[PDB]
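Residue numbers (the entry's author numbering), protein chains in the order written: chain b2, 25 to 54; chain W1, 2 to 68; chain w, 2 to 68; chain W, 2 to 68; chain w5, 2 to 68; chain w1, 2 to 68; chain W2, 2 to 68; chain w2, 2 to 68; chain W3, 2 to 68; chain w3, 2 to 68. The block underneath contains the structure these notes are about, expressed in structure tokens.
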Amino acid sequence: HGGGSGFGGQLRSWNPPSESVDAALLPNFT
Amino acid sequence: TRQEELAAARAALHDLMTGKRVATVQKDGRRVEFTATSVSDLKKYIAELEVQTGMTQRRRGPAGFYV
Amino acid sequence: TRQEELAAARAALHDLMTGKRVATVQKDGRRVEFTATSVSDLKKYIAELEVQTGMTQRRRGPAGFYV
Amino acid sequence: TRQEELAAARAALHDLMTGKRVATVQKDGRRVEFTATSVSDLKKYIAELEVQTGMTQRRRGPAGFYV
Amino acid sequence: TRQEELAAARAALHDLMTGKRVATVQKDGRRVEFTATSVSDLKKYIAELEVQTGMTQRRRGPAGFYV
Amino acid sequence: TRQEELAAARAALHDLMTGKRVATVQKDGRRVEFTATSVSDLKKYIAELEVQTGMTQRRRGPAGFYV
Amino acid sequence: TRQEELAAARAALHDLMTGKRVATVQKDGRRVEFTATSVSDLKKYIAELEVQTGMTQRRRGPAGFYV
Amino acid sequence: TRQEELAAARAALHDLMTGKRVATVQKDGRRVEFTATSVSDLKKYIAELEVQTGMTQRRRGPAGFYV
Amino acid sequence: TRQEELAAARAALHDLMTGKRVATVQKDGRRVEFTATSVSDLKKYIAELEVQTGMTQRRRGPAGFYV
Amino acid sequence: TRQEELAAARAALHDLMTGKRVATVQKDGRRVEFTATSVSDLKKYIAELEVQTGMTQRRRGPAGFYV
């Protein structure tokens, strides 16, 4: 429930792209 | 008659703003004057007339926030 | 006489706002003038006489809140 | 002899609000100027006279509170 | 002589409030004018002269409380 | 009518700024005057009208801060 | 065409500030008055018009600091 | 041509604040009056005009301290 | 010209203080008036020009303290 | 030319103080008036010139204390 949208929209536009740890690190590793 | 009243108010405000409200006229034997209203009062009156009449949306509600 | 009193007062208010609240009338030999009134007091007088009159809804009771 | 005073005062207030409380009168040699009153004191006089006269219920006191 | 000038002052107050306290009068070189007063002082003068004369009670002495 | 009205208003502002807002004009026997507005009200009217009309903007977002 | 208006405005500033803005001219039976603006708003207009026109640089961006 | 108008302005200031700022000039049927200005505004105008024009040194960068 | 400026300012201040700064002069259809400057402003002007000129010491620099 | 300046200033001060400083004079086609100066600044000016000239001692150097 809490992860749906937030209180009154709130975090209605924050959606992290669920991805692998390597896919999160390597693109901007350096 | 609200629409033509609004049009008259708009024209009067434009005349006031530019140059064209006569405070008095005199014809060497006949002369008449008129009280001058405040520009802010005219703006408030015309704005409330716009809101009350069947004119379309001018002002929305309070703006909410989102993160 | 509430209805016609209201109508005359509102028309006079509109005329004062626009161009024709005549302060004085002068013909050669005969000069008279009427007293000048404010605008906010006239507006509130209009509102109170309206709410006294059996006209339509014009006001509401405070405001409600709910989550 | 207060109800006619109330009627006269109400009519005077109405005409003063609209257009018709004359300040000066001039006829090519004869002139009369009348003292200028305000609106606040006039409506205070109206209220005091109407509450003192045989006018009906118009005012109520405090307020109750309950759940 | 109390009630006579009481009534005179009350009538003058009613006149001033309504419309026709003569500020000045002139006719072909015959000009006079009378000094003006304030409604507040006139009303308080009315009240104090009423208290001085034998008019009935209008004001009372505080008000006690009781549960 | 908005574009030429705005152009006329800007011209009137310039004329008042320099020398040309005619306060009154009189010929033999005939005299009139035009009620004069201030400068700040006229310029804010110009600004709001230029904004509301469809030509190029002069207002942007609030700001942006980056290290 | 901003340059000619700027030149006219600066000339008006000069002549008004020294001696040469006529508030009103009264030829016998032929008189006219022009509204007299202040120097504050006049130099405000000068500044805004000269900065909106593509003339030379007049002001720069804040000021740095260094030891 | 900054120097010419600066000299004219300063001479005008001297003359006006000594004795000779003609506010109005009258003939038989000819009336011409010019607008009047304060002294602080023209003084600061003269200062800014002098500093903006390539005249001699008149202002110095703050003032330091030392033991 | 600074010396005669000094003399003229001193004489003008003295005569204005005593009796002899004429505001307007009228000759049966030839009347002219002049703007009057503040006495404080005249004092500031005379002091400024005197210190600017080559006149000898009028004011020195601070004041020491010794036990 | 300082002692006679002092004497004239004192005489003018006395004349203004009592009744004598004539503001305006009107003859047939001769309207001539001089602007008045406040007694406070007149006294300051006369005191300043008196202490500036070679007059006797009036001011004293503070005041010490002793048990």
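Note that CB positions come from ideal geometry on N, CA and C, so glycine has one too.
Rounded to whole angstroms, what's the CA-CA distance from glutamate 49 (chain w) to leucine 43 (chain w5)? Just pull it up for me.
-> 28 Å
Cross-chain neighbours of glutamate 34 (chain w) in chain W, by beta carbon under 8 Å = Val23, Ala24 and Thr25
Taking the continuous alpha helix (DSSP H) assigned at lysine 28 (chain w), which residues delimit it?
-> For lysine 28 (chain w), there is no enclosing alpha helix (DSSP H); the enclosing beta strand (DSSP E) covers residues 23-28.
Inter-residue Cα distance where the pair is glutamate 5 (chain W) and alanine 8 (chain w5) = Computed Cα separation, rounded: 17 Å.
What is the residue span of the alpha helix (DSSP H) that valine 52 (chain w) lies within?
-> 41-53
Backbone secondary structure at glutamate 5 (chain w1) - three-state DSSP | helix
Mapping DSSP to helix, strand and coil, what is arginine 11 (chain w5)?
-> helix
Are the C-beta atoms of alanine 8 (chain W3) and some chain w2 residue less than 8 Å apart?
-> no
Helix, strand or coil at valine 68 (chain w2) according to DSSP, with G and I counted as helix = coil
For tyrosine 46 (chain w1), count neighbouring Cβ atoms within 10 angstroms of its own Cβ and tell me buried if that reaches 16, exposed if not.
-> buried
Spatial neighbours of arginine 3 (chain w2) within its chain, please: CB distance less than 7 Å, with the 5 preceding and 5 following residues excluded, ordered by chain position.
-> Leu50 and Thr54
Buried or exposed: where does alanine 12 (chain w5) fall if 16 or more other Cβ atoms within 10 Å of its Cβ makes it buried?
-> exposed
Step through the CB atoms of chain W3 and report whether any lies within less than 8 Å of the CB of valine 40 (chain w2).
-> yes
Using a beta-carbon distance below 8 Å, is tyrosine 46 (chain w1) in contact with chain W1?
-> Yes - at least one Cβ of chain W1 is within 8 Å of the one on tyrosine 46 (chain w1).
For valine 68 (chain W1), which residues in chain b2 fall below 7 Å Cβ to Cβ?
-> Within chain b2, the residues near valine 68 (chain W1) are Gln34, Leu35 and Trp38.
Compare the C-beta of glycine 55 (chain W1) with all C-beta atoms of chain w and state if any pair is closer than 8 Å.
-> no
Taking 8 Å as the CB-CB cut-off, is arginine 3 (chain w) touching chain W?
-> Judged by the 8 Å Cβ criterion, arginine 3 (chain w) is not in contact with chain W.
If the cut is a Cβ gap below 7 Å, which residues of chain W3 does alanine 13 (chain w3) touch?
-> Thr19 and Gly20
If we ignore side chains and look at the alpha-carbon of each, how far apart do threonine 19 (chain w2) and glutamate 34 (chain w3) end up?
-> 17 Å
Which first and last residues belong to the alpha helix (DSSP H) in which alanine 48 (chain b2) is found?
-> 45-49
According to DSSP, residues forming a beta bridge with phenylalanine 35 (chain w5) = Beta-bridge pairing links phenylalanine 35 (chain w5) to no other residue.
Cβ distance (whole Å) where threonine 36 (chain W) is taken to contact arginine 22 (chain w5) below 8 Å | 4 Å
Assumed close pair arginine 32 (chain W1), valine 40 (chain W1) - CB separation to whole angstroms, cut-off 8 Å = Not confirmed; about 25 Å, so no contact.
Could you name the residues of chain w that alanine 37 (chain W) contacts, counting a contact when the two beta carbons are closer than 8 Å?
-> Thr36
Expressed to the nearest angstrom, what Euclidean distance is found between the alpha-carbon atoms of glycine 28 (chain b2) and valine 68 (chain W1)?
-> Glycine 28 (chain b2) and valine 68 (chain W1): Cα-Cα distance of roughly 14 Å.
Compare the C-beta of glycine 30 (chain W) with all C-beta atoms of chain w5 and state if any pair is closer than 8 Å.
-> yes
Proximity below 8 Å, CB of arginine 61 (chain w) to CB of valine 52 (chain w) | no
Got a sec? Which residues, its chain only, sit under 7 Å from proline 40 (chain b2) by beta carbon, not counting five neighbours each side?
-> none
How long is the line joining the alpha carbons of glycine 30 (chain w5) and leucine 14 (chain w2), rounded to whole angstroms?
-> 49 Å
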